Amino acid sequence: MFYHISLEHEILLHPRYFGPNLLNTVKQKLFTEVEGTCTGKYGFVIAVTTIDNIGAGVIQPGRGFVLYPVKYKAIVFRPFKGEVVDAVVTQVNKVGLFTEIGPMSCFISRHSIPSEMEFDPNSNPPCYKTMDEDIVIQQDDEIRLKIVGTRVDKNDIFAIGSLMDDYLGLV
Amino acid sequence: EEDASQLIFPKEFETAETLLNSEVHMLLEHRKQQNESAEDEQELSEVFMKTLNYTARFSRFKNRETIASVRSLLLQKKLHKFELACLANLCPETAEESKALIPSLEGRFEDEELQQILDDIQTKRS
Amino acid sequence: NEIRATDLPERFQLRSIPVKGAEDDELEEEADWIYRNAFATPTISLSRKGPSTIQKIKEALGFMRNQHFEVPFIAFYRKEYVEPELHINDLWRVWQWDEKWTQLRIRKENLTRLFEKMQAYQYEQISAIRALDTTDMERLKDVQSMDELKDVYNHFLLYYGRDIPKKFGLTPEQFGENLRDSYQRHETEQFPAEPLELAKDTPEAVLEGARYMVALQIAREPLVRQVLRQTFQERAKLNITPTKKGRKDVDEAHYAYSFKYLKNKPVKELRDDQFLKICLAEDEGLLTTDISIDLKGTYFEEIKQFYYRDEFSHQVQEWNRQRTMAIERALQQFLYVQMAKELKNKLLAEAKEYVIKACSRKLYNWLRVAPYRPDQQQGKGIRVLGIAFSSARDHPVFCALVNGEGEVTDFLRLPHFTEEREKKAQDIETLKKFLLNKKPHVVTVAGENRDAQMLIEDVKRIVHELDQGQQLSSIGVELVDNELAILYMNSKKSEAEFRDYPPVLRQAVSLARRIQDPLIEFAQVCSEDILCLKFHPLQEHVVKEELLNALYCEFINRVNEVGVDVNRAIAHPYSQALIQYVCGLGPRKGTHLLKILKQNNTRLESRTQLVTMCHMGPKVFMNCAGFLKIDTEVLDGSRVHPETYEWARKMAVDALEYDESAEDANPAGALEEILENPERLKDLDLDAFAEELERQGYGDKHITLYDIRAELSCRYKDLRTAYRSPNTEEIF
RNA sequence: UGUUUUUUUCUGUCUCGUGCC
């Protein structure tokens, strides 16, 4: 779930970047460093909206590299356990369902799915229906789910869904 | 221990600012509009494109004034910040569905008091 | 156990997976579905005619359902019931049509049941814009319309509501009929009311409330899908034009970049020409694609007049404006996007079909077994001298002299080559020593570049000048392209045959085997092994499952036409494992039969070896009677099955004019003299044989008479091609 | 209508005596 918080970071700037475009160069380096990455503390970062201020560059002793502890106002996406969101189904397989929560892909197994939703391997598009064939769930459909677990695979978040609670399907 | 169902989060995340699907959608759209201009600039990555096409399929309302109105009519209540995002994004039909999906609403408020809010949210949708 | 000890053959069970057999009533439906879906866009099976083709498909499906018939089993054994050699893709096409018909029938039954349940629920709820359960019957009956039926069912589900507890403009049916007929029979809501009055009776205070409902009704209507379906799919002049970035990125490599301003490409170029579809798909993947019919601007204008009022005096004008707005909303919802998606799906299907056809053609061209045996038929076969050199630049070139019985006799190396900058005698001496070491029957040299060709020519000249082909005569070294031997050298068979050998020896062995028995090599490979050889670049864009199925069907047909040697797959590893692509003898059944033969030590005594020893079931024996062959009864090693053995013996006796007394083995004149050469052909009449088969036998022998005569005259006939010598372009 | 080579920072112990700024 997306949020807007204030973060901090420092980047070393090589002395070749000194000049009238110092602040512009610092901003450009900041943009291509903290966009799209992920951390286990704050979660996955989408992008940066604006920068608060530029700190005082403390030149290191014996080294021309100077660090700028910049504080930027960026957004972050850190889903937690128990949250309910609305995602889209990407692929339907007998092992389980595949979805895509923005910068995440979760996964629901057949055990989580109730017994009413059977398999349709005979039909060309992998789909799940009921006995009466009234409700149909397939790919490219806005299907909800519940985040019952979380995981970070070395700055690569991958949660797990569930389909036990009622009112989880077509709106 | 981290479970949003029981309204618990780390200290850093407790002081965060909630965002709605339409809000993040328009923020990313404006960022794309700014970045596409000013040639000789590093183009967007696949993360930006996937987030855009993910948030564009759940934009209940395009007008920014709709976002302002729906946040203003909701902040007047005594619900926490976490209850401002999920309830305004999912837009459930009846109060029973909202209470079932979010266990925090069970016993926190009356039935008609939440049904009227859900009806207002549904009407605010474009 | 179910695959090997099953009542029905493996091929029959595998073909009719979705539809487990065909019933008497379902056979006609399956045949009709196959005929309707046989060739819609391109011309296929137009050979068999419309009604004749439909009858043949129905007969083949009925035979497959009853006797567990298969593709080759029904194509050859049922030549009368199906197209009599109309095309190679006869049994496989019939099986695919039957499976499609069964799947369509099952889907229609499910849709009808769902519609009936929904109608019952609506009657229970509202019976205690209405909700009527009348479209369920139409959906159930609409078996041919798969996509249209699914769209209609989804629209009905979304309109009625789909909930399972446990007056605005023209009507949808009238609008659909007016659009389909091209004349607006029904106008909009011809009433004095306008959108101002209709937007107050929901609670929105906006005039667009009814437009959304009208658009939802129009999009979720089977009639609209049927009217729009095939309007642009039938003809769509896709204009190929690279974009700003596509022009430089494609570099004229894809369909959307080859023609800078080459537009107006109709459905023929994409469907019939699979290369164009593959190029469009590849270009449309990353950079961009130019796929636009550009014919709507005039197809969408005619619909605008229909469903709208003609007068304009407030009530009439308001009704016309509301109808136009509703039509525009419906078109924006599921009018342009639906047509574009249908066109894209049709283009993808055409590209996949073209790729599959190209793969099948390549498999047919490269799979025909055309070895180069002695005299183009001392000892059985010829000694293939597989010479697979690495460089011919002072490096050891593999040269194996394998025999004609699917085995390698010996080999040797030739490190000396023309290494030495100026040495024109060391290579000649090495070649002479290698030729004198053994007595090969033919030379199979490979090639990689000009140097390899020069080395091969020098070796051939040295062999011919000094009579090094056999040590007593000149042997012509037949050129062999390094295409199959290189792949077969590093295969499972190559590794098993020789483990502590260099790759040159394996390549030489593979080249020798490929020029002695291509069928043995094809049957003794995983089919993995077949997928290694690329049939065409367009096959990659299309699904590889269709290409694999086509290759498997072609291999099975070739094996059935050429037959399988029972004794060849008993002790010789080279000619073993050839019971996987038989008509009715699946891979599991073939493996079980091979294991039983290896354990019990049973040989190919006759055609009834698997029926008498209890190794194969009656259905398996009947379906695989025309593919199993033995070394020795007289008609065992041929296409004559046990059912036609008596007829074949009687025909041979009549042709030879010999005595008739229990002719199975004892009288050898009509059998041996007839097999040696044609004794008498005018004695056996087609009409008399057909009458005898009809009176006694329960089947006409008009088409099977020629096959029986050929089997009696020639046993173990090979369906492979002849030895194809490399050409100039082919050699290069 | 041809032309033979590619591997690299090692490393040593504890004790005593003598001479020099």
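Protein chains in written order, with the entry's author numbering: chain G, 1 to 171; chain D, 14 to 139; chain M, 287 to 332, 349 to 430, 440 to 477, 538 to 572, 580 to 675, 684 to 763, 775 to 815, 824 to 932, 935 to 1039, 1051 to 1150.
Every residue gets a Cβ at the ideal spot worked out from N, C-alpha and C, and that includes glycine.
Residue i classed as buried or exposed, judged by whether at least 16 other C-beta atoms fall within 10 angstroms
| i | result |
| --- | --- |
| M:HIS948 | buried |
| D:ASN76 | exposed |
| M:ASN751 | exposed |
| M:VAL305 | buried |
| M:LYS738 | buried |
| G:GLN91 | exposed |
| G:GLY19 | exposed |
| G:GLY40 | exposed |
| M:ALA1083 | exposed |
| G:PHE65 | exposed |
| M:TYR639 | exposed |
C-alpha gap between residue i and residue j, whole angstroms
| i | j | result |
| --- | --- | --- |
| D:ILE130 | D:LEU114 | 16 Å |
| G:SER123 | M:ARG407 | 12 Å |
| M:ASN1008 | M:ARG1067 | 30 Å |
| M:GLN424 | M:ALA442 | 7 Å |
| D:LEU127 | G:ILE75 | 30 Å |
| M:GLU315 | M:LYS358 | 13 Å |
| M:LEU955 | M:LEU1137 | 22 Å |
| M:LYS477 | M:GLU426 | 12 Å |
| M:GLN421 | G:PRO126 | 27 Å |
| M:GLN595 | D:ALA101 | 29 Å |
| M:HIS1120 | M:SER456 | 39 Å |
| G:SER115 | G:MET131 | 10 Å |
| D:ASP53 | G:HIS9 | 25 Å |
Residue span of the beta strand (DSSP E) that contains residue i, given as start and end
| i | result |
| --- | --- |
| M:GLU883 | 882-884 |
| G:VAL84 | 84-92 |
| M:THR806 | 804-809 |
| M:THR849 | 847-850 |
| residue 933 of chain M | Gap note for chain M: numbering proceeds from 932 to 935 with nothing in between, so residue 933 of chain M has no coordinates. |
| G:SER6 | 2-13 |
| D:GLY120 | That residue, D:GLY120, is in no beta strand (DSSP E); it is neither H nor E in DSSP. |
Range covered by the alpha helix (DSSP H) that runs through residue i
| i | result |
| --- | --- |
| M:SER1131 | 1122-1131 |
| residue 821 of chain M | Regarding the residue in question, residue 821 of chain M is not represented: chain M runs 815 and then 824, omitting everything in between. |
| M:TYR590 | 587-597 |
| G:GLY96 | Where G:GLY96 is concerned, there is no enclosing alpha helix (DSSP H), although the beta strand (DSSP E) it sits in stretches over 96-100. |
| M:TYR633 | 633-636 |
| G:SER109 | That residue, G:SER109, is in no alpha helix (DSSP H); its beta strand (DSSP E) goes 107-109. |
| M:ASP661 | 652-663 |
| M:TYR959 | 951-969 |
Beta-carbon neighbours of residue i, restricted to chain D and to distances below 7 Å
| i | result |
| --- | --- |
| G:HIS4 | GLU30 and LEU32 |
| G:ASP166 | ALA113 |
Within chain G, the residues that residue i reaches when beta carbons sit closer than 7 Å
| i | result |
| --- | --- |
| D:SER18 | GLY82 |
Amino acids of chain G, ordered along the chain, whose beta-carbon sits closer than 8 Å to that of residue i
| i | result |
| --- | --- |
| M:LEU443 | Those do not exist, as M:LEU443 stays about 16 Å from chain G at its closest Cβ, beyond 8 Å. |
| D:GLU15 | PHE80, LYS81 and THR150 |
| D:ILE115 | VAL84 |
Residue i: CB within 6 Å of a non-hydrogen atom of the ligand FAD
| i | result |
| --- | --- |
| G:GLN91 | Judged by which ligands are present, the structure shown has none, so any question about the ligand FAD falls away. |
Under 9 Å from the C-beta of residue i: neighbouring residues of chain D
| i | result |
| --- | --- |
| G:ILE11 | Near G:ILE11 there are no residues of chain D at all, since even the closest Cβ is about 16 Å away, more than 9 Å. |
Listed by chain order, chain G residues near residue i by CB distance under 9 Å
| i | result |
| --- | --- |
| M:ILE475 | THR130, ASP132, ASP134 and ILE135 |
| D:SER58 | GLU35 and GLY36 |
| D:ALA101 | Ordered by position in chain G, no residue passes the 9 Å Cβ test against D:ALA101, which lies about 12 Å from the chain. |
| M:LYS732 | Simply none; closest approach about 15 Å. |
Closer than 8 Å at the beta carbon, the chain D residues around residue i
| i | result |
| --- | --- |
| G:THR39 | By Cβ distance, chain D contributes nothing, its closest Cβ being about 12 Å from G:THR39, past 8 Å. |
| G:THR99 | What G:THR99 touches in chain D: nothing, since even the nearest Cβ is about 11 Å away. |
| G:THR49 | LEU40 and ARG44 |
On the three-pair Cβ rule with 8 Å, is the stretch 556-568 of chain M touching the stretch 690-709 of chain M? These segments touch.
Touching or not, the stretch 646-664 of chain M and the stretch 460-473 of chain M, by the rule of three or more beta carbon pairs under 8 Å? No, the stretch 646-664 of chain M does not touch the stretch 460-473 of chain M.
How do the stretch 38-50 of chain D and the stretch 13-27 of chain G stand: do at least 3 beta-carbon pairs fall below 8 Å, yes or no? In this structure the stretch 38-50 of chain D does not lie against the stretch 13-27 of chain G, because fewer than three pairs of beta carbons, one per stretch, are closer than 8 Å.
Across the stretch 939-946 of chain M and the stretch 807-814 of chain M, are there enough close Cβ pairs to call them in contact, namely three or more that are closer than 8 Å? Between the stretch 939-946 of chain M and the stretch 807-814 of chain M, the count of Cβ pairs shorter than 8 Å is below three; the stretches do not touch.
Tell me, please, whether the stretch 786-806 of chain M touches the stretch 902-920 of chain M by the rule of three or more beta-carbon pairs shorter than 8 Å. Taking 8 Å as the limit for Cβ pairs, the verdict is that the stretch 902-920 of chain M does touch the stretch 786-806 of chain M.
Three or more C-beta pairs closer than 8 Å, one from the stretch 619-635 of chain M and one from the stretch 581-591 of chain M: is that the case here? Touching, no.
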